[PDB]
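Q: Structure in structure tokens, see below.
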Amino acid sequence: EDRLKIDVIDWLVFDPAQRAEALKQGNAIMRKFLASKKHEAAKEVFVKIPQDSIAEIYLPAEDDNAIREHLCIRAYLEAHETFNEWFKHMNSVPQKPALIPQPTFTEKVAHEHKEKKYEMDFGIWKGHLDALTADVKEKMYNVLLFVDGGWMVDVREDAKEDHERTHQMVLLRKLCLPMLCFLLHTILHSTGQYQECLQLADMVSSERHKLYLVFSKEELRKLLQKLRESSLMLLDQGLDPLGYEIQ
Amino acid sequence: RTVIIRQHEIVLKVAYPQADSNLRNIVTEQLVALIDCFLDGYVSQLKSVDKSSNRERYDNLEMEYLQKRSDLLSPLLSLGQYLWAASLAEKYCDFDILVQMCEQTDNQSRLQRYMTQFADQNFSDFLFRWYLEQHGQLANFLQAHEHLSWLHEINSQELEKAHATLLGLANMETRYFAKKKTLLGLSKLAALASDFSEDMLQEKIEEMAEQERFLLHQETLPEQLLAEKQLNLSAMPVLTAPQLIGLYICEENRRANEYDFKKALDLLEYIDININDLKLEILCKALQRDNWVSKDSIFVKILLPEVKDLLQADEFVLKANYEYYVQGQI
């Protein structure tokens with residue numbers, strides 16, 4: 001039935017006079033797929049939506065929200081497109097030169113070089129990494145700290161009742177905000193940014209976002225056993241739990 | 001001082017030789033230089049016990065001298081066999097720093113448990129001797145006793161407990177703002193994740209909401225005066241109500257608007273010296289900036305015999321606004 005739904009979109013996109021209904025329905029369809037984490041499904045739909053839809057449509061409470069929801073959804077997708085690239089890279093680290101104990105004088109020199117070339121690649125694989133870390137992070141904070149009212153949260157409050165959508169928007173927050181936090185923690189930990197890891201407890205507990213309400217009690221503790229792990233590595237470095245110099 | 005020098009001279013020559021020596025021989029001259037070092041340390045112990053009290057300065061300077069030698073006899077025995085360490089540690093029956101680092105270099109968490117089993121306050125010594133410096137995380141589990149508390153508390157699933165100490169460390173916190181902010185956030189996430197009754201929880205998060213309320217003040221400090229005053233973004237201290245009130249009103253804070261003063265009048269219940277001297281100081285720069293609009297608004301934001309008057313002029317529209325300010329309050 002996947003196709004039935006992703007195909008009803010091209011029918012609504014064809015007629016430009018129904019772009020407001022095409023987007024709204026595109027949202028709904030992408031709300032079902034997100035709850036299943038079908039990101040190639042959600043995105044295959046996301047491209048069918050002409051890149052210039054938003055511009056033309058220009059506002060009923062149903063169109064202000066669907067424009068916001070669409071960008072929220074793009075903010076979410078882009079937060080998985082850049083992580084899978086980053087993650088793919090983290091798993092392609094240059095491998096150490098192989099050792100040939102009891103080497104011939106030939107094998108000694110081939111190895112002096114293979115050992116010197118590797119000490120060039122590992123520097124760039126931290127180079128490319130840093131730039132894929134700086135980018136995946138930004139996206140994770142665009143979703144977690146979504147501007148003007150939080151992610152998947154309507155700004156317009158005068159639409160007509162849509163319990164399906166509304167409760168789909170509360171759910172999407174409880175499936176994906178705990179899951180984006182845990183990823184960002186995994187990104188920060190993987191790159192050794194431990195001080196910042198611990199600063200996820202400010203972001204989450206914050207009264208500005210009230211992200212902690214989107215967490216189950218279990219997920220919290222789990223995030224608290226994740227942070228205590230970053231803390232350790234900060235002690236091994238000689239700093240206090242939170243990364244500040246011990247005077 | 002010649003008797004002793006000739007003994008520290010043959011320790012070092014009994015150290016140069018075991019560098020080249022058939023195994024068994026290098027041990028018998030080691031059980032020997034252990035037999036001899038244990039007679040020197042016994043004679044400095046007996047002279048200590050001989051002298052006490054007044055002229056103590058000389059008796060705590062001779063301690064540092066025997067203590068820099070049971071350290072120079074220990075290091076020397078750090079290469080040697082540790083089977084003798086147990087007897088060197090007992091001969092000068094404390095010199096614990098040496099027998100405590102021999103138990104650390106090996107897997108004998110059984111020896112450092114046998115050491116503390118027969119000891120007078122070694123426990124308070126092995127924890128302060130771990131902090132100054134795997135199974136080291138089981139000794140970290142015990143060393144995390146003290147401010148590192150919250151850590152072993154999250155680990156033990158003692159959340160409520162972690163919340164109490166996380167808030168306690170948030171309060172004493174004065175050196176780093178960014179850190180006082182982090183601790184509360186953690187405390188809060190600890191408490192929320194814990195098992196308080198909905199009543200208790202509502203108390204922890206309300207008494208908390210207060211803390212966040214004061215902090216938020218230093219938090220919203222404009223980004224104009226913080227580069228003016230050349231301040232570190234996060235690496236700055238936990239400021240107090242006064243510093244804040246006075247900094248929110250500085251002539252450095254250029255774009256100071258209604259909200260900067262309103263919050264510089266909200267930080268007066270955060271005090272614990274002259275209240276109504278400042279109440280004036282601020283309402284007065286509230287007018288210097290007016291360039292005789294803002295005074296207007298801040299009287300619109302308050303909703304009144306707080307403000308002064310004759311004391312103030314200490315003038316055409318100050319009284320003029322103080323008339324439709326007697327009609328407003330009424």
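Note on naming: chains are A, B, ... as they come in the structure tokens, residues start from 1 per chain, ligands start from 1 in the order shown.
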Find the residues of chain A in contact range of chain B, meaning any atom within 12 Å when counting only C-alpha atoms, and list them as number ranges by chain.
A: A: 195-208, 210-232, 235-236, 238, 240-247
Q: Let me see the file: selected residues, C-alpha atoms, as a CSV table (one decimal), in the first residue's frame.
A:
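Here's the written file result_3.csv:
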chain,number,residue,atom,x,y,z
A,195,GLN,CA,32.3,18.7,27.9
A,196,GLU,CA,29.5,19.3,25.3
A,197,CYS,CA,28.0,15.9,25.8
A,198,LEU,CA,27.2,16.8,29.4
A,199,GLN,CA,25.6,20.0,28.1
A,200,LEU,CA,22.8,17.9,26.7
A,201,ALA,CA,21.4,18.0,30.2
A,202,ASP,CA,20.9,21.7,29.9
A,203,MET,CA,19.4,21.5,26.4
A,204,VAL,CA,17.0,18.8,27.5
A,205,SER,CA,15.9,20.0,31.0
A,206,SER,CA,15.6,23.5,29.6
A,207,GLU,CA,12.4,25.3,30.4
A,208,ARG,CA,12.7,27.0,27.0
A,210,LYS,CA,10.8,21.4,27.7
A,211,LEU,CA,12.4,18.5,25.9
A,212,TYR,CA,12.3,16.4,29.0
A,213,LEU,CA,8.6,15.9,28.7
A,214,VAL,CA,9.1,14.1,25.5
A,215,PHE,CA,11.2,11.5,27.4
A,216,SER,CA,10.0,8.4,29.2
A,217,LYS,CA,11.5,8.0,32.6
A,218,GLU,CA,13.5,5.1,31.3
A,219,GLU,CA,15.0,7.1,28.4
A,220,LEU,CA,16.1,9.7,30.9
A,221,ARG,CA,18.1,7.4,33.1
A,222,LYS,CA,19.6,6.0,29.9
A,223,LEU,CA,20.7,9.5,28.9
A,224,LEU,CA,22.1,9.8,32.4
A,225,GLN,CA,24.2,6.7,32.0
A,226,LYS,CA,25.3,8.0,28.7
A,227,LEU,CA,26.5,11.3,30.2
A,228,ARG,CA,28.3,9.6,33.1
A,229,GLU,CA,30.3,7.8,30.4
A,230,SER,CA,31.5,11.0,28.8
A,231,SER,CA,32.3,12.3,32.3
A,232,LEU,CA,34.7,9.4,32.9
A,235,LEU,CA,38.4,12.4,34.4
A,236,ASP,CA,40.9,10.4,32.5
A,238,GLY,CA,42.4,15.2,34.4
A,240,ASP,CA,36.4,17.5,36.7
A,241,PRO,CA,33.2,15.5,35.7
A,242,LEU,CA,31.9,18.4,33.6
A,243,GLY,CA,35.2,19.2,31.9
A,244,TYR,CA,36.4,22.2,33.9
A,245,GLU,CA,40.0,22.5,35.2
A,246,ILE,CA,40.5,21.3,38.7
A,247,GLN,CA,42.1,24.2,40.5
Q: Quick one: residues within 6 Å of range 21-32 of chain A, only C-alpha atoms, excluding same-chain residues fewer than 6 positions away - as a count of residues only?
A: 4
Q: Pick out the residues sitting within 12 Å of range 85-87 of chain B, and hand them over as a PyMOL selection string; count only C-alpha atoms, and ignore anything fewer than 2 positions along from it in its own chain.
A: chain B and resi 30-31+34-35+37-38+70+73-83+89-103+111-112+114-115
Q: Which neighbours of residue 76 in chain A fall inside 12 Å, counting only C-alpha atoms, when residues of the same chain fewer than 5 positions from it are skipped, and could you give them as number ranges by chain?
A: A: 30-31, 34, 37, 39, 42-43, 46, 69-71, 81-83, 136, 138-146, 151-152, 172-173, 176-177, 179-180
Q: How would the residues just picked look written out with C-alpha atoms as a PDB file, in the first residue's frame?
A:
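So selection.pdb came out as:
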ATOM      1  CA  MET A  30       5.268  11.530   5.558  1.00  0.00           C
ATOM      2  CA  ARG A  31       3.976  11.455   9.148  1.00  0.00           C
ATOM      3  CA  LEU A  34       8.382   8.799   9.901  1.00  0.00           C
ATOM      4  CA  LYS A  37      11.453   5.416  10.160  1.00  0.00           C
ATOM      5  CA  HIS A  39      13.372   7.810   5.495  1.00  0.00           C
ATOM      6  CA  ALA A  42       9.564   9.977   3.361  1.00  0.00           C
ATOM      7  CA  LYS A  43      12.162  11.591   1.100  1.00  0.00           C
ATOM      8  CA  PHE A  46       9.693  14.917  -0.206  1.00  0.00           C
ATOM      9  CA  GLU A  69       5.474  20.946   9.417  1.00  0.00           C
ATOM     10  CA  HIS A  70       7.077  20.447   5.999  1.00  0.00           C
ATOM     11  CA  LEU A  71      10.235  22.314   7.025  1.00  0.00           C
ATOM     12  CA  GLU A  81      21.168  12.308   5.705  1.00  0.00           C
ATOM     13  CA  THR A  82      24.230  13.915   7.307  1.00  0.00           C
ATOM     14  CA  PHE A  83      24.515  11.366  10.117  1.00  0.00           C
ATOM     15  CA  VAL A 136      25.798  16.710  11.406  1.00  0.00           C
ATOM     16  CA  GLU A 138      24.330  21.738  13.394  1.00  0.00           C
ATOM     17  CA  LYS A 139      21.436  19.735  11.903  1.00  0.00           C
ATOM     18  CA  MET A 140      20.785  17.910  15.165  1.00  0.00           C
ATOM     19  CA  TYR A 141      20.472  21.272  16.948  1.00  0.00           C
ATOM     20  CA  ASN A 142      18.172  22.657  14.243  1.00  0.00           C
ATOM     21  CA  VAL A 143      15.725  19.841  15.005  1.00  0.00           C
ATOM     22  CA  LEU A 144      16.198  19.672  18.783  1.00  0.00           C
ATOM     23  CA  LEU A 145      16.119  23.461  19.147  1.00  0.00           C
ATOM     24  CA  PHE A 146      13.658  24.069  16.306  1.00  0.00           C
ATOM     25  CA  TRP A 151       9.810  20.626  16.498  1.00  0.00           C
ATOM     26  CA  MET A 152       6.497  19.336  15.137  1.00  0.00           C
ATOM     27  CA  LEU A 172       6.656  11.904  16.336  1.00  0.00           C
ATOM     28  CA  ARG A 173       8.235  14.032  19.044  1.00  0.00           C
ATOM     29  CA  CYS A 176      12.405  11.015  17.335  1.00  0.00           C
ATOM     30  CA  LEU A 177      13.566  13.549  19.918  1.00  0.00           C
ATOM     31  CA  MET A 179      16.388   9.215  19.295  1.00  0.00           C
ATOM     32  CA  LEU A 180      18.086  12.368  17.960  1.00  0.00           C
TER      33      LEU A 180
END
Q: May I have the residues within 10 Å of residue 15 in chain B as a ChimeraX atom specification, using only C-alpha atoms and disregarding those fewer than 2 positions away in the same chain?
A: /B:9-13,17-20,26,29-30,33,76-77,79-80
Q: Print the selection's residues with C-alpha atoms to a file, as a PDB file, in the first residue's frame.
A:
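The resulting selection_24.pdb:
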ATOM      1  CA  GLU B   9      76.663   4.132  49.918  1.00  0.00           C
ATOM      2  CA  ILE B  10      76.450   0.350  49.939  1.00  0.00           C
ATOM      3  CA  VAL B  11      72.752   0.372  49.111  1.00  0.00           C
ATOM      4  CA  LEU B  12      73.662   2.076  45.849  1.00  0.00           C
ATOM      5  CA  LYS B  13      76.584  -0.284  45.243  1.00  0.00           C
ATOM      6  CA  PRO B  17      75.717  -5.060  41.044  1.00  0.00           C
ATOM      7  CA  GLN B  18      72.335  -6.815  40.836  1.00  0.00           C
ATOM      8  CA  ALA B  19      72.313  -5.267  37.366  1.00  0.00           C
ATOM      9  CA  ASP B  20      74.799  -8.008  36.516  1.00  0.00           C
ATOM     10  CA  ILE B  26      71.120 -10.863  43.432  1.00  0.00           C
ATOM     11  CA  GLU B  29      72.351  -9.250  48.663  1.00  0.00           C
ATOM     12  CA  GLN B  30      68.806  -7.907  48.427  1.00  0.00           C
ATOM     13  CA  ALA B  33      70.336  -4.567  51.972  1.00  0.00           C
ATOM     14  CA  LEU B  76      65.144   1.518  45.039  1.00  0.00           C
ATOM     15  CA  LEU B  77      63.031  -1.514  45.913  1.00  0.00           C
ATOM     16  CA  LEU B  79      62.742  -2.663  40.669  1.00  0.00           C
ATOM     17  CA  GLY B  80      63.551  -5.282  43.288  1.00  0.00           C
TER      18      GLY B  80
END
Q: Give me every helix (DSSP H, G or I) residue in range 58-290 of chain B, going by DSSP on the backbone, as number ranges by chain.
A: B: 58, 61-67, 76-79, 85-91, 96-105, 111-117, 123-126, 128-131, 135-137, 139-143, 149-155, 159-172, 177-193, 198-219, 225-228, 241-247, 258-262, 275-288
Q: For CA of residue 47 in chain B and CA of residue 4 in chain B, determine how far apart the two atoms are, in Å to one decimal place.
A: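 These two atoms are separated by 14.1 Å.
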Q: Any idea what the distance is between CA of residue 177 in chain B and CA of residue 206 in chain B?
A: 21.1 Å
Q: Tell me, as a ChimeraX atom specification, which residues lie within 9 Å of residue 40 in chain B, counting only C-alpha atoms; anything in the same chain fewer than 4 positions away does not count.
A: /B:4,7,36,44-45
Q: If we count only C-alpha atoms, what is near residue 52 in chain A at a cut-off of 12 Å, once residues fewer than 3 positions away on the same chain are taken out, given as a CSV table (one decimal) with N, CA, C and O atoms, in the first residue's frame?
A:
chain,number,residue,atom,x,y,z
A,13,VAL,N,0.0,17.2,-7.1
A,13,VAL,CA,1.1,18.1,-7.5
A,13,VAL,C,0.9,18.6,-8.9
A,13,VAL,O,1.2,19.7,-9.2
A,16,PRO,N,-1.4,22.8,-10.0
A,16,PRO,CA,-0.8,23.8,-9.1
A,16,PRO,C,-1.9,24.5,-8.3
A,16,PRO,O,-1.5,25.1,-7.3
A,19,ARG,N,-1.8,23.0,-4.6
A,19,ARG,CA,-0.5,22.8,-3.9
A,19,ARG,C,-0.6,22.9,-2.4
A,19,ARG,O,0.1,22.2,-1.7
A,23,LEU,N,0.7,19.7,-0.3
A,23,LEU,CA,1.6,19.7,0.8
A,23,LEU,C,1.0,19.1,2.0
A,23,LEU,O,1.6,18.2,2.6
A,47,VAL,N,10.7,14.8,-2.4
A,47,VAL,CA,11.2,15.4,-3.7
A,47,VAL,C,10.0,15.7,-4.6
A,47,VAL,O,10.1,16.6,-5.4
A,48,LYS,N,9.0,14.8,-4.6
A,48,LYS,CA,7.8,15.0,-5.4
A,48,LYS,C,7.2,16.4,-5.2
A,48,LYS,O,6.6,17.0,-6.1
A,49,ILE,N,7.3,16.9,-4.0
A,49,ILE,CA,6.9,18.2,-3.7
A,49,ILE,C,7.9,19.2,-4.3
A,49,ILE,O,9.0,19.4,-3.9
A,55,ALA,N,6.9,29.0,-2.0
A,55,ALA,CA,6.8,30.4,-2.5
A,55,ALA,C,5.5,30.7,-3.1
A,55,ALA,O,4.9,31.7,-2.8
A,56,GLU,N,5.0,29.8,-4.0
A,56,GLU,CA,3.8,30.0,-4.7
A,56,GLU,C,2.5,30.1,-3.8
A,56,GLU,O,1.7,31.0,-4.0
A,57,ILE,N,2.4,29.1,-2.9
A,57,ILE,CA,1.2,29.0,-2.1
A,57,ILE,C,0.8,30.4,-1.4
A,57,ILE,O,-0.4,30.6,-1.3
A,58,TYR,N,1.8,31.2,-1.0
A,58,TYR,CA,1.5,32.4,-0.4
A,58,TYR,C,0.5,33.3,-1.2
A,58,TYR,O,0.8,33.7,-2.3
A,67,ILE,N,3.1,24.3,6.2
A,67,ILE,CA,4.3,24.9,5.7
A,67,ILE,C,5.4,24.7,6.8
A,67,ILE,O,6.5,24.4,6.5
Q: Given the choices B:245, B:1, B:220, B:297, which gets closest to residue 233 in chain B if the distance is worked out from only C-alpha atoms?
A: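 Once distances to residue 233 in chain B are computed over only C-alpha atoms, the minimum belongs to B:220.
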Q: Can you measure CA of residue 242 in chain B to CA of residue 306 in chain B for me? One decimal in Å is fine.
A: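 Rounded to one decimal, the two atoms are 18.4 Å apart.
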